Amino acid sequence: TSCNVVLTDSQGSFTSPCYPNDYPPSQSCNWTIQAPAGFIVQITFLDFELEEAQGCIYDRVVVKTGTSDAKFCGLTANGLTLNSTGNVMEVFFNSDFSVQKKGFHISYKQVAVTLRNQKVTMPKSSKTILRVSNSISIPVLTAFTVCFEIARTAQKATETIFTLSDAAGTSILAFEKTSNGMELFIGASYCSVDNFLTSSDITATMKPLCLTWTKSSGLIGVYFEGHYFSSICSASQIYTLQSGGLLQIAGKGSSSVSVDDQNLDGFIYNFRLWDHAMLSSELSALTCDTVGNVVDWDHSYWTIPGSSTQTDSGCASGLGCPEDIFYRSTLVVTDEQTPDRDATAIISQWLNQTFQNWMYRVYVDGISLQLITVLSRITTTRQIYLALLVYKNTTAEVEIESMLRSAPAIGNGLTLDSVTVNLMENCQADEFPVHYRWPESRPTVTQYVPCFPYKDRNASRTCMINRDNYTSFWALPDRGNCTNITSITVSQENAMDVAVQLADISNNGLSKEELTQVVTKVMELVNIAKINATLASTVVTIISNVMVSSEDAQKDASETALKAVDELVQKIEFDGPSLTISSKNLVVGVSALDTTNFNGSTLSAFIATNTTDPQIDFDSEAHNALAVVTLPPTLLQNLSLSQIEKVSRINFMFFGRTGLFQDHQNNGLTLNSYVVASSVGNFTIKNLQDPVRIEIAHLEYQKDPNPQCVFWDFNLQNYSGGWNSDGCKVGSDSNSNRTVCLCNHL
């Protein structure tokens, strides 16, 4: 359950948290994938869906290799395959406070760098064989083309470039520069190619070279420097290169015993071998990427160790895309003419002049003297300067140090002793204020985050440059377009939008002070708006989510929450004979009541087969019910005609959780029940002659209990609310699992 890991296996998989369900809000993940020194990392998104935003400013995935940085959201990374330039690939993921999608499933893979990005040092000793691997079977050859790129360090009279020895060990093909220079040794004969190349071309610049041969003519072909050459080696028409041999880089050549210090010194690249000898027309359509027919420059064909492989030859970033790159430098200079000049003008113009002598657009944007010490002569000071260099409009520090170190003569008597240059540090990722999570940023980048919690507009923060000691700092956030939880003003037109956003935040771990602000806004929303089903389904799950909060979080907000659910049920407009609104800890229901034919009613709360949410039976007592409410047939009997025409509906609520009904004046009695509510309108029917049968299931077992039937009286404890016993007695059907109440009011 950890998403800040370092993954070191050869291949594997990782997902966003809770994939394939939705990720949680406010995530911050850092999967760093590390391979050893000769490998790169390839990732592949197997699946990807994030919350979309302009500039990916809500939820984003950043993919970081050694040279680039790119942010992704929406669906845009879904079929993608990305490749690290070094051996480390880092994948970040950040979600904000609301709106979650599915996330992602990424496969990672350690991939070796290709042999065609590597040159190979050939050895000086033996028992260091750099051979074609035994995965490859070298056929019988009566014709071949071999091409490679060769380059050298030192010179020697006898040196070998490749060696094919047979299954018994004696050499049968070798290209080696000899007593007579450049020669192809074939079978037992010597075919000199010296008129078309020799060892004066073992330059340290690489150059391609092709050698061809056929048995049938004896025709050696040489391709070098764009020109094709031909020569007949008539001795070579006797020989056939047999199967199953050992082809190796450098190697023994035309020697009987040893290869020990009998090899060329240098680099080789792109060694390939073919079954046929190529024409000059065929040798001119030969790119360096074409696969060799027997041996190709590709790691599956060779056993070459890592010790002999080198290498040669809107805004997309989540950090921001600034116009200028900034550097801070520390210059140590020696002035031998301290009383004459001001060295800051001379140093800054030398600084401006030196970068423009290498055609770089780097300029000084600020410089000041930090330390001045005389030395032995009183007119010679060592002066320490702090300077801001700015790179104008480019997509390394040690190169800036070396262009300055290679020009120490600043002015006459002015001399650079030391310089260090540091790239100016990014502003770190930082949460200020709470729910405003600002990502890491380059200097002068402004970042935008959503306004908590409605996200209608943005806030912004800028990573600024302190122009005194040339370090970066976060400026203050501009939250001027942002609204509080409380400060929005609800309308009929924005009520659906407000309720949806507050329903998102309430799944998260909220503070107790945020929770009473959500429940006050829900009360304003339920009061001003007209309520249909989809608006009430959002409001019931704000209240269901505050029911799984801590008991101290609910306690200040519970009476507003209870009163807002109560008025939502009075105001809800529905079309059928009944409407039920369910959630995890709260189901509320309305059904229509005919006051002419009212012969009584039984209503019931239950949870069905592999359902996690409770439902409402309006007609019967459902099987294994958690709450049953039976209304007597004489319920409307003592009602006036003015009251009986205000009776349209039956209301029913089942509270799966009890944290909204806390009572600290209970004499230590704990509430061991669900809470069920019922009513028939905006008024309470009192002093009935036949009671309401309220049966509620207990939370826990209690053998021979002493139950007290209570109702929630909103007038108790200075109009805050408490349980009240008045009117409610225990019926005779109560056991250890259920309690039946007969209450005389509803």
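A residue's number is simply how far along the shown sequence it sits, counting from 1.
Q: With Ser313 and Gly314 adjacent in the shown sequence, let me know how many deposited residues between them lack coordinates: none, 1 to 3, 4 to 9, or 10 or more.
A: 10 or more residues lack coordinates between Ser313 and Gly314.
Q: Checking chain continuity here. Are there deposited residues lacking coordinates between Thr395 and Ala396, and if so is it 1 to 3, 4 to 9, or 10 or more (or none)?
A: Per the record, 4 to 9 deposited residues are absent between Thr395 and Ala396.
Q: Quick one: say whether 289 to 297 or 635 to 643 has the higher mean Cα B-factor in the deposited entry.
A: Looking at the record's C-alpha B-factors, the answer is 289 to 297.
Q: If you average the CA temperature factors over each stretch, which comes out higher, 352 to 360 or 260 to 268?
A: 260 to 268 has the higher mean C-alpha B-factor.
Q: If you compare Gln428, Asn484, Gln155, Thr630, which has the highest Cα B-factor in the entry?
A: Answer, based on the entry's C-alpha B-factors: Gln155.
Q: Based on the PDB record, which member of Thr44, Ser678, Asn30, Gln702 exhibits the highest Cα temperature factor?
A: Within the set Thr44, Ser678, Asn30, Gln702, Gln702 shows the top C-alpha B-factor.
Q: For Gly721, does the deposited CA B-factor place it in the lowest, middle or highest third of the chain?
A: Lowest third of the chain for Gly721's C-alpha B-factor.
Q: Using the temperature factors of the C-alpha atoms in this entry, rank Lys207 within its chain: lowest, middle or highest third.
A: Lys207: CA B-factor falls in the highest third of its chain.
Q: Sorting by Cα B-factor within the chain, modelled residues only, which third would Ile685 end up in: lowest, middle or highest?
A: Lowest third.
Q: Going by the recorded CA B-factors, say which third of the chain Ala37 sits in, lowest, middle or highest.
A: As the PDB entry reports it, the C-alpha B-factor of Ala37 lands in the highest third of its chain.
Q: Taking the C-alpha B-factors as the PDB entry records them, is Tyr228 in the lowest, middle or highest third of its chain?
A: According to the entry, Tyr228 has a C-alpha B-factor in the chain's highest third.
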